[PDB]
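Listing of target.pdb; format and content: PDB, C-alpha atoms and all ligand atoms.
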MODEL        1
ATOM      1  CA  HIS J   3     151.222  97.108 133.691  1.00  0.00           C
ATOM      2  CA  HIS J   4     152.813  96.242 137.039  1.00  0.00           C
ATOM      3  CA  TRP J   5     153.723  98.599 139.884  1.00  0.00           C
ATOM      4  CA  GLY J   6     156.862 100.697 139.685  1.00  0.00           C
ATOM      5  CA  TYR J   7     158.095 104.233 140.240  1.00  0.00           C
ATOM      6  CA  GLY J   8     157.084 105.907 137.002  1.00  0.00           C
ATOM      7  CA  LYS J   9     154.344 108.382 136.119  1.00  0.00           C
ATOM      8  CA  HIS J  10     151.620 105.839 135.439  1.00  0.00           C
ATOM      9  CA  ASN J  11     152.561 103.068 137.881  1.00  0.00           C
ATOM     10  CA  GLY J  12     154.241 104.867 140.782  1.00  0.00           C
ATOM     11  CA  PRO J  13     153.337 105.178 144.478  1.00  0.00           C
ATOM     12  CA  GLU J  14     150.099 107.150 143.941  1.00  0.00           C
ATOM     13  CA  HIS J  15     148.803 104.246 141.809  1.00  0.00           C
ATOM     14  CA  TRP J  16     149.685 101.382 144.116  1.00  0.00           C
ATOM     15  CA  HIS J  17     146.438 101.479 146.106  1.00  0.00           C
ATOM     16  CA  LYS J  18     144.476 100.157 143.108  1.00  0.00           C
ATOM     17  CA  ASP J  19     146.230  96.780 143.214  1.00  0.00           C
ATOM     18  CA  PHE J  20     147.092  97.026 146.917  1.00  0.00           C
ATOM     19  CA  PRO J  21     144.324  98.764 148.905  1.00  0.00           C
ATOM     20  CA  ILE J  22     146.359  98.479 152.123  1.00  0.00           C
ATOM     21  CA  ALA J  23     148.382 101.368 150.632  1.00  0.00           C
ATOM     22  CA  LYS J  24     145.864 103.629 152.402  1.00  0.00           C
ATOM     23  CA  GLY J  25     145.965 101.594 155.612  1.00  0.00           C
ATOM     24  CA  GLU J  26     146.495 102.508 159.247  1.00  0.00           C
ATOM     25  CA  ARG J  27     150.214 101.712 159.594  1.00  0.00           C
ATOM     26  CA  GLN J  28     151.894 102.472 156.274  1.00  0.00           C
ATOM     27  CA  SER J  29     155.563 103.271 155.730  1.00  0.00           C
ATOM     28  CA  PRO J  30     157.669 105.265 155.311  1.00  0.00           C
ATOM     29  CA  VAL J  31     156.802 108.268 157.481  1.00  0.00           C
ATOM     30  CA  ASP J  32     158.274 111.617 158.351  1.00  0.00           C
ATOM     31  CA  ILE J  33     160.076 111.416 161.663  1.00  0.00           C
ATOM     32  CA  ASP J  34     159.293 114.600 163.544  1.00  0.00           C
ATOM     33  CA  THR J  35     162.190 114.619 165.984  1.00  0.00           C
ATOM     34  CA  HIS J  36     160.551 117.019 168.381  1.00  0.00           C
ATOM     35  CA  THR J  37     157.325 114.962 168.672  1.00  0.00           C
ATOM     36  CA  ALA J  38     159.187 111.636 169.005  1.00  0.00           C
ATOM     37  CA  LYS J  39     159.055 110.407 172.599  1.00  0.00           C
ATOM     38  CA  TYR J  40     162.083 109.090 174.502  1.00  0.00           C
ATOM     39  CA  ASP J  41     161.134 105.626 175.762  1.00  0.00           C
ATOM     40  CA  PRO J  42     162.824 104.147 178.879  1.00  0.00           C
ATOM     41  CA  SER J  43     161.244 100.719 178.330  1.00  0.00           C
ATOM     42  CA  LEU J  44     163.429 100.308 175.237  1.00  0.00           C
ATOM     43  CA  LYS J  45     166.111  97.689 175.861  1.00  0.00           C
ATOM     44  CA  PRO J  46     169.476  98.057 174.123  1.00  0.00           C
ATOM     45  CA  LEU J  47     169.620  97.205 170.410  1.00  0.00           C
ATOM     46  CA  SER J  48     171.637  94.083 169.529  1.00  0.00           C
ATOM     47  CA  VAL J  49     173.061  93.657 166.037  1.00  0.00           C
ATOM     48  CA  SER J  50     174.979  90.382 165.740  1.00  0.00           C
ATOM     49  CA  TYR J  51     176.352  90.133 162.213  1.00  0.00           C
ATOM     50  CA  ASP J  52     179.685  88.363 162.900  1.00  0.00           C
ATOM     51  CA  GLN J  53     178.624  85.093 161.233  1.00  0.00           C
ATOM     52  CA  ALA J  54     176.545  86.635 158.439  1.00  0.00           C
ATOM     53  CA  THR J  55     176.658  84.595 155.225  1.00  0.00           C
ATOM     54  CA  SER J  56     175.895  86.573 152.083  1.00  0.00           C
ATOM     55  CA  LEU J  57     175.049  84.504 149.037  1.00  0.00           C
ATOM     56  CA  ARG J  58     174.113  86.605 146.068  1.00  0.00           C
ATOM     57  CA  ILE J  59     173.287  90.041 144.708  1.00  0.00           C
ATOM     58  CA  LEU J  60     170.243  90.394 142.448  1.00  0.00           C
ATOM     59  CA  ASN J  61     168.547  93.105 140.351  1.00  0.00           C
ATOM     60  CA  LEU J  62     164.829  92.570 141.011  1.00  0.00           C
ATOM     61  CA  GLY J  63     163.724  95.584 138.998  1.00  0.00           C
ATOM     62  CA  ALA J  64     162.692  97.853 141.870  1.00  0.00           C
ATOM     63  CA  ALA J  65     166.090  97.720 143.574  1.00  0.00           C
ATOM     64  CA  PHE J  66     169.043  95.380 143.989  1.00  0.00           C
ATOM     65  CA  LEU J  67     169.127  92.939 146.915  1.00  0.00           C
ATOM     66  CA  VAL J  68     172.064  91.365 148.683  1.00  0.00           C
ATOM     67  CA  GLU J  69     170.665  88.103 150.003  1.00  0.00           C
ATOM     68  CA  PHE J  70     171.842  86.047 152.964  1.00  0.00           C
ATOM     69  CA  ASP J  71     171.609  82.461 154.139  1.00  0.00           C
ATOM     70  CA  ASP J  72     168.868  82.669 156.764  1.00  0.00           C
ATOM     71  CA  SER J  73     168.522  78.923 157.350  1.00  0.00           C
ATOM     72  CA  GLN J  74     170.345  79.278 160.661  1.00  0.00           C
ATOM     73  CA  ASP J  75     170.760  81.848 163.390  1.00  0.00           C
ATOM     74  CA  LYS J  76     173.852  83.601 161.993  1.00  0.00           C
ATOM     75  CA  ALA J  77     173.014  87.270 161.533  1.00  0.00           C
ATOM     76  CA  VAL J  78     170.381  88.434 163.985  1.00  0.00           C
ATOM     77  CA  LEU J  79     168.749  91.540 165.319  1.00  0.00           C
ATOM     78  CA  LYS J  80     167.321  91.568 168.856  1.00  0.00           C
ATOM     79  CA  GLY J  81     166.612  93.903 171.738  1.00  0.00           C
ATOM     80  CA  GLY J  82     165.462  97.460 171.247  1.00  0.00           C
ATOM     81  CA  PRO J  83     161.666  97.368 170.838  1.00  0.00           C
ATOM     82  CA  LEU J  84     161.815  93.747 169.707  1.00  0.00           C
ATOM     83  CA  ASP J  85     160.623  90.638 171.481  1.00  0.00           C
ATOM     84  CA  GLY J  86     162.538  87.590 170.328  1.00  0.00           C
ATOM     85  CA  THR J  87     165.049  87.073 167.539  1.00  0.00           C
ATOM     86  CA  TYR J  88     164.942  88.376 163.965  1.00  0.00           C
ATOM     87  CA  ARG J  89     167.152  86.874 161.262  1.00  0.00           C
ATOM     88  CA  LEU J  90     168.754  88.881 158.447  1.00  0.00           C
ATOM     89  CA  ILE J  91     167.464  87.835 155.019  1.00  0.00           C
ATOM     90  CA  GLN J  92     168.497  90.649 152.679  1.00  0.00           C
ATOM     91  CA  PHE J  93     169.458  94.261 152.379  1.00  0.00           C
ATOM     92  CA  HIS J  94     168.736  96.779 149.654  1.00  0.00           C
ATOM     93  CA  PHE J  95     168.673 100.510 149.092  1.00  0.00           C
ATOM     94  CA  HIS J  96     166.421 103.291 147.840  1.00  0.00           C
ATOM     95  CA  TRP J  97     168.003 106.312 146.160  1.00  0.00           C
ATOM     96  CA  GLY J  98     167.400 109.427 144.134  1.00  0.00           C
ATOM     97  CA  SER J  99     168.231 110.864 140.748  1.00  0.00           C
ATOM     98  CA  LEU J 100     169.867 113.752 142.669  1.00  0.00           C
ATOM     99  CA  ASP J 101     171.635 113.936 146.041  1.00  0.00           C
ATOM    100  CA  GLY J 102     168.721 116.030 147.373  1.00  0.00           C
ATOM    101  CA  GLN J 103     166.288 113.109 147.431  1.00  0.00           C
ATOM    102  CA  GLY J 104     166.240 109.340 147.649  1.00  0.00           C
ATOM    103  CA  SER J 105     165.362 108.357 151.187  1.00  0.00           C
ATOM    104  CA  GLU J 106     161.961 106.967 152.121  1.00  0.00           C
ATOM    105  CA  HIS J 107     161.861 108.071 155.727  1.00  0.00           C
ATOM    106  CA  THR J 108     162.477 111.743 156.266  1.00  0.00           C
ATOM    107  CA  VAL J 109     163.685 113.567 159.371  1.00  0.00           C
ATOM    108  CA  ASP J 110     161.873 116.839 160.059  1.00  0.00           C
ATOM    109  CA  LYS J 111     160.973 116.652 156.357  1.00  0.00           C
ATOM    110  CA  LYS J 112     164.649 116.357 155.336  1.00  0.00           C
ATOM    111  CA  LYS J 113     165.331 113.849 152.558  1.00  0.00           C
ATOM    112  CA  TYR J 114     168.644 112.007 152.457  1.00  0.00           C
ATOM    113  CA  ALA J 115     170.401 110.852 149.264  1.00  0.00           C
ATOM    114  CA  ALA J 116     169.542 107.222 149.927  1.00  0.00           C
ATOM    115  CA  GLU J 117     168.307 104.784 152.525  1.00  0.00           C
ATOM    116  CA  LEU J 118     169.560 101.301 153.382  1.00  0.00           C
ATOM    117  CA  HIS J 119     167.123  98.637 154.584  1.00  0.00           C
ATOM    118  CA  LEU J 120     168.405  95.563 156.388  1.00  0.00           C
ATOM    119  CA  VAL J 121     165.448  93.197 156.448  1.00  0.00           C
ATOM    120  CA  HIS J 122     164.983  90.648 159.243  1.00  0.00           C
ATOM    121  CA  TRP J 123     162.224  88.155 160.010  1.00  0.00           C
ATOM    122  CA  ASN J 124     160.910  86.918 163.343  1.00  0.00           C
ATOM    123  CA  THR J 125     162.190  83.385 163.883  1.00  0.00           C
ATOM    124  CA  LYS J 127     159.036  82.359 165.718  1.00  0.00           C
ATOM    125  CA  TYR J 128     157.268  82.306 162.333  1.00  0.00           C
ATOM    126  CA  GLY J 129     159.685  79.872 160.713  1.00  0.00           C
ATOM    127  CA  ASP J 130     160.305  81.692 157.456  1.00  0.00           C
ATOM    128  CA  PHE J 131     159.982  85.021 155.698  1.00  0.00           C
ATOM    129  CA  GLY J 132     156.801  84.163 153.786  1.00  0.00           C
ATOM    130  CA  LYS J 133     154.912  83.358 156.956  1.00  0.00           C
ATOM    131  CA  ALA J 134     156.483  86.251 158.851  1.00  0.00           C
ATOM    132  CA  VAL J 135     155.120  88.908 156.464  1.00  0.00           C
ATOM    133  CA  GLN J 136     151.593  87.744 157.325  1.00  0.00           C
ATOM    134  CA  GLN J 137     152.100  88.704 160.984  1.00  0.00           C
ATOM    135  CA  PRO J 138     151.898  92.125 162.618  1.00  0.00           C
ATOM    136  CA  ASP J 139     155.300  91.564 164.253  1.00  0.00           C
ATOM    137  CA  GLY J 140     156.791  89.508 161.436  1.00  0.00           C
ATOM    138  CA  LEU J 141     159.648  91.728 160.316  1.00  0.00           C
ATOM    139  CA  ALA J 142     162.154  94.112 161.769  1.00  0.00           C
ATOM    140  CA  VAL J 143     163.761  96.470 159.294  1.00  0.00           C
ATOM    141  CA  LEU J 144     166.834  98.452 160.215  1.00  0.00           C
ATOM    142  CA  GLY J 145     166.842 101.668 158.203  1.00  0.00           C
ATOM    143  CA  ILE J 146     170.013 103.680 157.742  1.00  0.00           C
ATOM    144  CA  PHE J 147     170.266 107.018 155.962  1.00  0.00           C
ATOM    145  CA  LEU J 148     172.975 107.758 153.399  1.00  0.00           C
ATOM    146  CA  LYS J 149     174.392 111.228 152.844  1.00  0.00           C
ATOM    147  CA  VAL J 150     176.946 112.204 150.212  1.00  0.00           C
ATOM    148  CA  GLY J 151     180.424 113.074 151.490  1.00  0.00           C
ATOM    149  CA  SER J 152     183.320 110.742 152.293  1.00  0.00           C
ATOM    150  CA  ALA J 153     183.225 107.241 150.811  1.00  0.00           C
ATOM    151  CA  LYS J 154     182.025 104.274 152.824  1.00  0.00           C
ATOM    152  CA  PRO J 155     184.786 101.709 152.303  1.00  0.00           C
ATOM    153  CA  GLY J 156     182.515  98.838 153.324  1.00  0.00           C
ATOM    154  CA  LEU J 157     180.057  99.707 150.560  1.00  0.00           C
ATOM    155  CA  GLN J 158     182.634  99.525 147.783  1.00  0.00           C
ATOM    156  CA  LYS J 159     182.369  95.772 147.185  1.00  0.00           C
ATOM    157  CA  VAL J 160     178.667  96.287 146.522  1.00  0.00           C
ATOM    158  CA  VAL J 161     179.201  99.159 144.107  1.00  0.00           C
ATOM    159  CA  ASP J 162     181.876  97.300 142.129  1.00  0.00           C
ATOM    160  CA  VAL J 163     179.624  94.337 141.319  1.00  0.00           C
ATOM    161  CA  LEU J 164     176.702  96.462 140.054  1.00  0.00           C
ATOM    162  CA  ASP J 165     178.037  96.434 136.466  1.00  0.00           C
ATOM    163  CA  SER J 166     177.391  92.684 136.464  1.00  0.00           C
ATOM    164  CA  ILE J 167     173.712  93.107 137.440  1.00  0.00           C
ATOM    165  CA  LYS J 168     172.772  96.151 135.398  1.00  0.00           C
ATOM    166  CA  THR J 169     169.356  94.892 134.308  1.00  0.00           C
ATOM    167  CA  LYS J 170     166.276  93.279 135.862  1.00  0.00           C
ATOM    168  CA  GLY J 171     166.703  89.535 136.354  1.00  0.00           C
ATOM    169  CA  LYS J 172     170.486  89.536 136.573  1.00  0.00           C
ATOM    170  CA  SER J 173     172.194  87.987 139.577  1.00  0.00           C
ATOM    171  CA  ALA J 174     175.790  87.440 140.649  1.00  0.00           C
ATOM    172  CA  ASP J 175     177.487  85.430 143.358  1.00  0.00           C
ATOM    173  CA  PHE J 176     178.229  87.659 146.322  1.00  0.00           C
ATOM    174  CA  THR J 177     179.798  85.716 149.156  1.00  0.00           C
ATOM    175  CA  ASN J 178     181.691  86.850 152.249  1.00  0.00           C
ATOM    176  CA  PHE J 179     180.243  90.344 152.339  1.00  0.00           C
ATOM    177  CA  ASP J 180     180.239  91.754 155.853  1.00  0.00           C
ATOM    178  CA  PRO J 181     177.236  94.019 156.460  1.00  0.00           C
ATOM    179  CA  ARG J 182     178.906  95.405 159.602  1.00  0.00           C
ATOM    180  CA  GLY J 183     180.814  97.660 157.203  1.00  0.00           C
ATOM    181  CA  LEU J 184     177.579  99.529 156.441  1.00  0.00           C
ATOM    182  CA  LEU J 185     176.714 100.555 160.012  1.00  0.00           C
ATOM    183  CA  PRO J 186     177.292 103.969 161.549  1.00  0.00           C
ATOM    184  CA  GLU J 187     179.050 104.400 164.901  1.00  0.00           C
ATOM    185  CA  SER J 188     175.917 105.004 166.938  1.00  0.00           C
ATOM    186  CA  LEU J 189     172.931 102.682 167.231  1.00  0.00           C
ATOM    187  CA  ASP J 190     170.641 105.456 168.544  1.00  0.00           C
ATOM    188  CA  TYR J 191     167.289 104.944 166.795  1.00  0.00           C
ATOM    189  CA  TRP J 192     163.663 105.864 166.322  1.00  0.00           C
ATOM    190  CA  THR J 193     161.066 103.096 166.199  1.00  0.00           C
ATOM    191  CA  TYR J 194     157.435 102.763 165.140  1.00  0.00           C
ATOM    192  CA  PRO J 195     155.077 100.100 163.704  1.00  0.00           C
ATOM    193  CA  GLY J 196     154.672 100.170 159.940  1.00  0.00           C
ATOM    194  CA  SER J 197     154.727  98.319 156.663  1.00  0.00           C
ATOM    195  CA  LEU J 198     156.739  97.134 153.712  1.00  0.00           C
ATOM    196  CA  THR J 199     157.423 100.191 151.575  1.00  0.00           C
ATOM    197  CA  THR J 200     156.939  98.226 148.347  1.00  0.00           C
ATOM    198  CA  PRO J 201     153.908  96.197 147.245  1.00  0.00           C
ATOM    199  CA  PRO J 202     152.365  94.183 148.769  1.00  0.00           C
ATOM    200  CA  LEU J 203     152.772  96.916 151.455  1.00  0.00           C
ATOM    201  CA  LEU J 204     151.950  94.462 154.234  1.00  0.00           C
ATOM    202  CA  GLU J 205     151.668  95.895 157.740  1.00  0.00           C
ATOM    203  CA  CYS J 206     154.173  93.542 159.318  1.00  0.00           C
ATOM    204  CA  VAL J 207     157.195  95.694 160.131  1.00  0.00           C
ATOM    205  CA  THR J 208     158.715  97.044 163.294  1.00  0.00           C
ATOM    206  CA  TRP J 209     160.801  99.891 161.896  1.00  0.00           C
ATOM    207  CA  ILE J 210     164.068 100.791 163.569  1.00  0.00           C
ATOM    208  CA  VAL J 211     165.595 103.859 161.925  1.00  0.00           C
ATOM    209  CA  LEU J 212     169.088 104.906 162.990  1.00  0.00           C
ATOM    210  CA  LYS J 213     169.633 108.571 163.811  1.00  0.00           C
ATOM    211  CA  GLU J 214     173.204 108.665 162.491  1.00  0.00           C
ATOM    212  CA  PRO J 215     173.550 108.517 158.709  1.00  0.00           C
ATOM    213  CA  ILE J 216     176.471 106.888 156.964  1.00  0.00           C
ATOM    214  CA  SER J 217     178.449 108.911 154.452  1.00  0.00           C
ATOM    215  CA  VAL J 218     178.995 107.583 150.950  1.00  0.00           C
ATOM    216  CA  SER J 219     180.846 109.235 148.101  1.00  0.00           C
ATOM    217  CA  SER J 220     179.395 110.950 145.074  1.00  0.00           C
ATOM    218  CA  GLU J 221     181.056 108.259 142.955  1.00  0.00           C
ATOM    219  CA  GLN J 222     179.455 105.476 144.983  1.00  0.00           C
ATOM    220  CA  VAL J 223     175.896 106.802 144.637  1.00  0.00           C
ATOM    221  CA  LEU J 224     176.528 107.637 140.967  1.00  0.00           C
ATOM    222  CA  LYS J 225     177.057 103.923 140.375  1.00  0.00           C
ATOM    223  CA  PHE J 226     173.678 103.110 141.946  1.00  0.00           C
ATOM    224  CA  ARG J 227     172.169 105.440 139.322  1.00  0.00           C
ATOM    225  CA  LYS J 228     173.668 103.486 136.427  1.00  0.00           C
ATOM    226  CA  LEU J 229     171.451 100.505 137.180  1.00  0.00           C
ATOM    227  CA  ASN J 230     168.344  99.796 135.079  1.00  0.00           C
ATOM    228  CA  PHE J 231     164.720  99.117 136.090  1.00  0.00           C
ATOM    229  CA  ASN J 232     164.285  97.167 132.841  1.00  0.00           C
ATOM    230  CA  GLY J 233     165.563  93.781 131.697  1.00  0.00           C
ATOM    231  CA  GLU J 234     168.302  93.383 129.077  1.00  0.00           C
ATOM    232  CA  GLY J 235     166.972  94.002 125.573  1.00  0.00           C
ATOM    233  CA  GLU J 236     164.164  96.173 126.886  1.00  0.00           C
ATOM    234  CA  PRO J 237     164.036 100.005 126.691  1.00  0.00           C
ATOM    235  CA  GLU J 238     166.580 101.551 129.082  1.00  0.00           C
ATOM    236  CA  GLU J 239     165.155 103.281 132.127  1.00  0.00           C
ATOM    237  CA  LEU J 240     167.612 104.262 134.826  1.00  0.00           C
ATOM    238  CA  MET J 241     166.941 102.830 138.273  1.00  0.00           C
ATOM    239  CA  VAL J 242     166.641 106.131 140.146  1.00  0.00           C
ATOM    240  CA  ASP J 243     164.017 107.562 142.524  1.00  0.00           C
ATOM    241  CA  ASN J 244     162.909 104.130 143.651  1.00  0.00           C
ATOM    242  CA  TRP J 245     161.524 105.544 146.892  1.00  0.00           C
ATOM    243  CA  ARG J 246     157.997 105.763 148.290  1.00  0.00           C
ATOM    244  CA  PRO J 247     157.241 109.158 149.870  1.00  0.00           C
ATOM    245  CA  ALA J 248     156.169 109.695 153.478  1.00  0.00           C
ATOM    246  CA  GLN J 249     152.725 108.362 154.396  1.00  0.00           C
ATOM    247  CA  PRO J 250     150.300 109.663 157.056  1.00  0.00           C
ATOM    248  CA  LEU J 251     151.328 108.805 160.629  1.00  0.00           C
ATOM    249  CA  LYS J 252     147.699 108.307 161.651  1.00  0.00           C
ATOM    250  CA  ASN J 253     147.355 106.721 165.085  1.00  0.00           C
ATOM    251  CA  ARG J 254     151.022 106.109 165.796  1.00  0.00           C
ATOM    252  CA  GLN J 255     153.714 107.435 168.081  1.00  0.00           C
ATOM    253  CA  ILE J 256     157.367 107.355 167.124  1.00  0.00           C
ATOM    254  CA  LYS J 257     159.606 106.411 170.044  1.00  0.00           C
ATOM    255  CA  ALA J 258     163.263 107.413 170.479  1.00  0.00           C
ATOM    256  CA  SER J 259     165.956 105.306 172.154  1.00  0.00           C
ATOM    257  CA  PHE J 260     167.904 108.421 173.073  1.00  0.00           C
ATOM    258  CA  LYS J 261     167.377 111.859 174.622  1.00  0.00           C
TER
HETATM  259 ZN    ZN W 301     163.275  99.120 151.288  1.00  0.00          ZN
ENDMDL
END

Now, as a test, write the supplied structure out as structure tokens.
Amino acid sequence: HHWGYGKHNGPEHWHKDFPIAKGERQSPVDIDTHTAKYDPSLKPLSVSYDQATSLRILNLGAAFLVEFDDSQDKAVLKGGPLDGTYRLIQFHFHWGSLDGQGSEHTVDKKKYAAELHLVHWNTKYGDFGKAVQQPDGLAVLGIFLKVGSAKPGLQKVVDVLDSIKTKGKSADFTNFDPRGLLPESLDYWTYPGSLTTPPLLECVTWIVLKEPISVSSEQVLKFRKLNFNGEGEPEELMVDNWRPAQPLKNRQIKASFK
């Protein structure tokens, strides 16, 4: 009876196995744009993905991950609110059963159709496993998806999903350029938070881009054909794999823009 997104194992149940679910810096949160504070101390955000090396795409049950070779400084995030260098390890998405929901962060309570998370770890901690045990261990770039025009750079991801329909399946996925998933503007909000899936560790500097990317109805429809279950198990569509907004508590959200 492990955690998931269903009626009896979903987000309101997670605290029983993971008490930090009710902690002081949990994610996601609602971003109240009018209460967010423009911060002049914020240095420019640096996304250097030119030598990114994707390896594989995997259905882990709760989402699919595109994983990268993070054994060298090849795809890094720096600047913004960050001190030091954070290395890209994987990206994944959260999405809804309907276009009206799916994102984890919300903006003035608005839910987007999906949310992309590019996960990076602080190189001063040597690897991801050690990084998640640190309060500044990860930097996650969050990007909202709305339904409209297709995102051409997403299409290679959507076309391989038929090969990883069920939990446990993986496929080779080399030479994918995550620059094709970024919006024009790097304007962002930032705040200290957590992983949004168990173990919910409070190790994340969140950087959430203001500008969503547009993806087509057909593209998100393909996300919804995935399965939470493994092959040969009862079919349950991988939809609504999002945690809702958590209390902001003693935190301020900062904006990079005015
Ligand atoms: Zn995520």

Write out as JSON lines the residues of chain J that have any atom within 7 Å of an atom of ligand ZN 301 (chain W), one row each with the nearest atom pair and its distance in Å to one decimal, counting all atoms listed in the file, sorted by chain and then rising number.
{"residue": "J:94", "atom": "CA", "partner": "W:ZN301", "partner_atom": "ZN", "distance": 6.2}
{"residue": "J:95", "atom": "CA", "partner": "W:ZN301", "partner_atom": "ZN", "distance": 6.0}
{"residue": "J:96", "atom": "CA", "partner": "W:ZN301", "partner_atom": "ZN", "distance": 6.3}
{"residue": "J:118", "atom": "CA", "partner": "W:ZN301", "partner_atom": "ZN", "distance": 7.0}
{"residue": "J:119", "atom": "CA", "partner": "W:ZN301", "partner_atom": "ZN", "distance": 5.1}
{"residue": "J:199", "atom": "CA", "partner": "W:ZN301", "partner_atom": "ZN", "distance": 6.0}

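Nearest residue to residue 179 of chain J, choosing from J:69, J:229, J:223, J:130 and counting all atoms listed in the file: J:69.
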
Take the PyMOL selection byres (((chain J and resi 103) around 12) and not hetatm), apply it to the structure above, and return the hits as JSON, numbers by chain.
-> {"J": [96, 97, 98, 99, 100, 101, 102, 104, 105, 106, 107, 108, 111, 112, 113, 114, 115, 116, 117, 147, 148, 149, 150, 223, 242, 243, 244, 245, 246, 247]}

Set up a box along x, y and z of the file covering all listed atoms of segment 122-137 of chain J, add 6 Å on every one of the six sides, and write the centre and edge lengths in Å to one decimal, as JSON.
{"center_x": 158.3, "center_y": 85.3, "center_z": 159.8, "size_x": 25.4, "size_y": 22.8, "size_z": 23.9}

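Comparing the minimum interatomic distances between residue 221 of chain J and each of J:255, J:166, J:152, J:92, counting only C-alpha atoms, we find that J:152 sits nearest.
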
Report as a list in words the full result of the PyMOL selection byres (((chain J and resi 178) around 9) and not hetatm) when it is applied to this structure.
-> residues 54, 55, 56, 57, 176, 177, 179 and 180 of chain J

Complete segment 223-236 of chain J at the level of N, CA, C and O atoms, written as an mmCIF file, in the coordinates of the input.
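The resulting selection_30.cif:
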data_model
loop_
_atom_site.group_PDB
_atom_site.id
_atom_site.type_symbol
_atom_site.label_atom_id
_atom_site.label_comp_id
_atom_site.auth_asym_id
_atom_site.auth_seq_id
_atom_site.Cartn_x
_atom_site.Cartn_y
_atom_site.Cartn_z
ATOM 1 N N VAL J 223 177.312 106.685 144.957
ATOM 2 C CA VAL J 223 175.896 106.802 144.637
ATOM 3 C C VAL J 223 175.668 106.932 143.124
ATOM 4 O O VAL J 223 174.648 106.479 142.598
ATOM 5 N N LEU J 224 176.630 107.519 142.415
ATOM 6 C CA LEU J 224 176.528 107.637 140.967
ATOM 7 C C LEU J 224 176.420 106.258 140.321
ATOM 8 O O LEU J 224 175.713 106.082 139.322
ATOM 9 N N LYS J 225 177.115 105.282 140.898
ATOM 10 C CA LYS J 225 177.057 103.923 140.375
ATOM 11 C C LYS J 225 175.701 103.255 140.616
ATOM 12 O O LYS J 225 175.246 102.477 139.784
ATOM 13 N N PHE J 226 175.046 103.569 141.734
ATOM 14 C CA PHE J 226 173.678 103.110 141.946
ATOM 15 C C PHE J 226 172.805 103.579 140.781
ATOM 16 O O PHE J 226 171.945 102.848 140.302
ATOM 17 N N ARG J 227 173.026 104.815 140.335
ATOM 18 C CA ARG J 227 172.169 105.440 139.322
ATOM 19 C C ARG J 227 172.419 104.938 137.908
ATOM 20 O O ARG J 227 171.720 105.346 136.982
ATOM 21 N N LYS J 228 173.400 104.060 137.741
ATOM 22 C CA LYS J 228 173.668 103.486 136.427
ATOM 23 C C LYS J 228 172.899 102.198 136.229
ATOM 24 O O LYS J 228 172.868 101.655 135.130
ATOM 25 N N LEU J 229 172.276 101.706 137.296
ATOM 26 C CA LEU J 229 171.451 100.505 137.180
ATOM 27 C C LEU J 229 170.196 100.780 136.352
ATOM 28 O O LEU J 229 169.835 101.942 136.108
ATOM 29 N N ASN J 230 169.540 99.704 135.917
ATOM 30 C CA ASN J 230 168.344 99.796 135.079
ATOM 31 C C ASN J 230 167.142 99.120 135.739
ATOM 32 O O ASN J 230 167.285 98.035 136.302
ATOM 33 N N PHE J 231 165.966 99.740 135.640
ATOM 34 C CA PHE J 231 164.720 99.117 136.090
ATOM 35 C C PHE J 231 164.333 97.955 135.170
ATOM 36 O O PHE J 231 163.693 96.987 135.595
ATOM 37 N N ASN J 232 164.699 98.088 133.898
ATOM 38 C CA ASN J 232 164.285 97.167 132.841
ATOM 39 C C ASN J 232 165.202 95.959 132.705
ATOM 40 O O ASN J 232 166.333 95.968 133.194
ATOM 41 N N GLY J 233 164.719 94.920 132.023
ATOM 42 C CA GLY J 233 165.563 93.781 131.697
ATOM 43 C C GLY J 233 166.401 94.059 130.462
ATOM 44 O O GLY J 233 166.104 94.987 129.710
ATOM 45 N N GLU J 234 167.446 93.261 130.256
ATOM 46 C CA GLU J 234 168.302 93.383 129.077
ATOM 47 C C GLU J 234 167.480 93.206 127.800
ATOM 48 O O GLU J 234 166.641 92.304 127.709
ATOM 49 N N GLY J 235 167.694 94.088 126.831
ATOM 50 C CA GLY J 235 166.972 94.002 125.573
ATOM 51 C C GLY J 235 165.679 94.788 125.584
ATOM 52 O O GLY J 235 164.994 94.904 124.565
ATOM 53 N N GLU J 236 165.333 95.321 126.752
ATOM 54 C CA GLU J 236 164.164 96.173 126.886
ATOM 55 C C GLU J 236 164.647 97.619 126.902
ATOM 56 O O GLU J 236 165.833 97.872 127.110
#
